[PDB]
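J.: got the complex split up, this is the first portion:
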Amino acid sequence: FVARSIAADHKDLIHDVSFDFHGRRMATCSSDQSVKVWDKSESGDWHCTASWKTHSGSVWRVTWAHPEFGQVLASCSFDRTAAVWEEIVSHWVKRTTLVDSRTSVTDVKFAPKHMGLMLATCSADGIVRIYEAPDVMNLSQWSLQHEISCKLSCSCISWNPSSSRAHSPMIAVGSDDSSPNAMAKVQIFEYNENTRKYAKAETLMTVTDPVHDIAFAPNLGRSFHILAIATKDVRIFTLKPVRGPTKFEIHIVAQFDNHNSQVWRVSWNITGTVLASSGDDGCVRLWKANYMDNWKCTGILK
């Protein structure tokens, strides 16, 4: 309900904000080619601890890693690169640089902890790459494992945070091309143990307007999957596995136009029960579902 305010002192637009595993740190990246780290004191105010130049072009996304491996951050830029940083004993040092790309890199994400130390990046030329670190205590050695061609532009990716032994690894990719022809903009890939290669599982032919963000939901014991999509509206989908690629029954359980503009970002909570959306009007909206599976709004924040 209440709203704090902190002076970022950035010289351009902030493009991403990310929290950490334990909820006490915070990172912010901008188009002035810098990354800042914030901490929380007992008094409740936030202070900037570090600030250092990272790339030579605009920085789009920054993300954390699990504390089992260390204090690690990853960034992507307009320089066609991606980097890994670590905090050592109290400044941050660069461990690697991933330069296999050929166009701008638009997203970076860390894999769930039970797969190891894995990374996934997406590029504007339609290629999604997955890296891996075999030995944890040497963060300067990564290894390219897979490569996916999407036959369209790419703008966002997401992993399946499920930790079950009956769900194979997943990744979903969204496009942002605005060509007059109507093609699908969301595609889902799945990993098959026998052939050891990612294969296409399903496509969302119902989505045609450009996509701006995509996010799964925390599982925490469910038997099916939930997906959230940011477009001209807000759409929420269900994928229920059936008893080669696994077949799914795809449905739609929400389509909300209360922003009356483009929807830019989406985010879930820890338990996977509430969804937050941000739109062109400058307001944040929260959605929740009752026991009859009807999604209704729960708050408006400005």
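T.: Yep, it's here. Residues are numbered from 1 along each chain as shown, chains lettered A, B, ... in the order given.
J.: Only C-alpha atoms from now on, for both contacts and neighbour counts.
T.: Noted.
J.: what ranges do the strands span in the stretch 101-250 of chain A?
T.: A:105-110, A:118-123, A:127-132, A:143-149, A:156-159, A:170-174, A:186-192, A:197-203, A:213-216, A:225-230, A:234-241, A:248-256 (DSSP state E, counting those that start in this stretch).
J.: Out of those strands, which is closest to residue A:262?
T.: Among the strands of the stretch 101-250 of chain A, strand A:225-230 comes nearest to residue A:262, with 8.3 Å by Cα to Cα.
J.: Each with direction, which strands does the closest one pair with?
T.: Applying DSSP bridges to the sheet, strand A:225-230 is found paired with strand A:213-216 (antiparallel), strand A:234-241 (antiparallel).
J.: So residue A:78 sits against residue A:54, correct?
T.: No. Judged on Cα atoms under 8 Å, residue A:78 makes no contact with residue A:54 at a distance of 11.5 Å.
J.: re earlier: tabulate the strands paired with strand A:225-230 in a markdown table, adding columns for mean neighbour count.
T.: Below are the strands paired with strand A:225-230 laid out as a markdown table (neighbours: other Cα atoms under 10 Å):
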| stretch | mean neighbour count |
| --- | --- |
| strand A:213-216 | 23 |
| strand A:234-241 | 16 |
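J.: please slot chain B in as well:
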Amino acid sequence: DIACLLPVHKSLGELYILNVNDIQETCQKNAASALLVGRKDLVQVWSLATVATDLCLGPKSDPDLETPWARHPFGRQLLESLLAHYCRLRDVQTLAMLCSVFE
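T.: Let me put chain B in with the others:
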């Protein structure tokens, strides 16, 4: 005088009570009365009835505020599994009481 071969007992019909203004008391009194005849089943059933009909589980008015106790698997589904059990035994005397307390 063959009354030991039917599912209804005459003494229980003389000891049972119904009182709309206080459901809690009726369940305990009937549970006590079931022990005077020696039926293991009825004691457990009337024990469960007490906790399933407490006044702290009242339904609310807005659907988007809580999940009702009826949808809970210890609500309608347990009642519908006791009722189906006693139907096969032809025990009218327990069915009529159960269908009345939960009303």
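J.: what comes into contact with whichever strand or helix holds residue A:63?
T.: Secondary structure from DSSP states H and E places residue A:63 in strand A:59-64. If you take Cα atoms under 8 Å, 6 or more residues apart in numbering or on different chains as the criterion, strand A:59-64 is touched by A:15-21, A:27-34, A:71-78, A:106-110.
J.: Could you do stretch A:5-14 as well?
T.: Against stretch A:5-14 from outside (Cα under 8 Å, 6+ apart): A:28-32, A:46.
J.: Report how many residues lie close to the residue of chain B found nearest chain A.
T.: Nearest to chain A, among the residues of chain B, is residue B:64, at 5.6 Å (Cα to the nearest Cα). Per other Cα atoms under 10 Å in any protein chain shown, the neighbour tally for residue B:64 reads 15.
J.: next one: residue A:269
T.: 11.
J.: what's the distance between it and residue A:263?
T.: 18 Å (Cα to Cα, to the nearest Å).
J.: ditto for residue A:47
T.: Applying Cα to Cα to residue A:47 and residue A:263 gives a distance of 31 Å.
J.: Who has more neighbours out of those two?
T.: Higher neighbour count among residue A:47 and residue A:263: residue A:263, with 22 against 14, using other Cα under 10 Å.
J.: okay, now chain C:
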Amino acid sequence: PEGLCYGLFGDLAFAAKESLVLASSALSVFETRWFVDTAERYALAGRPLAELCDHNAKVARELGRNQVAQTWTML
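T.: One more piece, chain C, placed on the ones above:
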């Protein structure tokens, strides 16, 4: 022009362009519990079944959860 994050034992972090609320942005953290208290007040071993069930039923009732309380008692 936007950035969102939902990090929990607490609330949101919003960063939006200043011509929407140009070449500047405004960053604000919002301020929008029963899990911690019930995790260190329970009891899982060291007593017979009957003693374990009534103990847990007392915690849930005090915290304000009645449906969970009656599940322990029926068990």
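J.: The contacts of stretch A:5-14 with chain C there, same question as before?
T.: Defining contact as Cα under 8 Å, 6+ apart, one finds that stretch A:5-14 is touched by A:28-32, A:46, C:1-3, C:15-17, C:23-29.
J.: rewinding a little: do any residues in the strand holding residue A:63 lie close to chain C?
T.: No. Strand A:59-64 does not reach chain C (Cα under 8 Å from any Cα of the partner chain); its nearest approach is 9.6 Å.
J.: Run the angle between whatever helix or strand comes next after that strand and strand A:118-123 for me.
T.: Next along the chain after strand A:59-64, taking DSSP H and E as the criterion, comes strand A:72-77. Between the axes of strand A:72-77 and strand A:118-123, defined by axes from the mean of the first three to the mean of the last three Cα atoms, to 10 degrees, the angle is 10 degrees.
J.: Which positions in chain B make contact with chain C?
T.: B:48, B:51-52, B:56-57, B:69, B:74.
J.: Report the buried members of the residues you listed.
T.: B:48, B:51-52 (16 or more other Cα atoms under 10 Å in any protein chain shown).
J.: Now the stretch 51-200 of chain A against chain B: closest residue?
T.: Residue of the stretch 51-200 of chain A nearest chain B, by Cα to the nearest Cα: residue A:164 (25.2 Å).
J.: Around chain B, pick out the residues from chain C.
T.: Applying Cα under 8 Å from any Cα, we find that chain C lies next to chain B at C:66-67, C:70-71, C:73-74.
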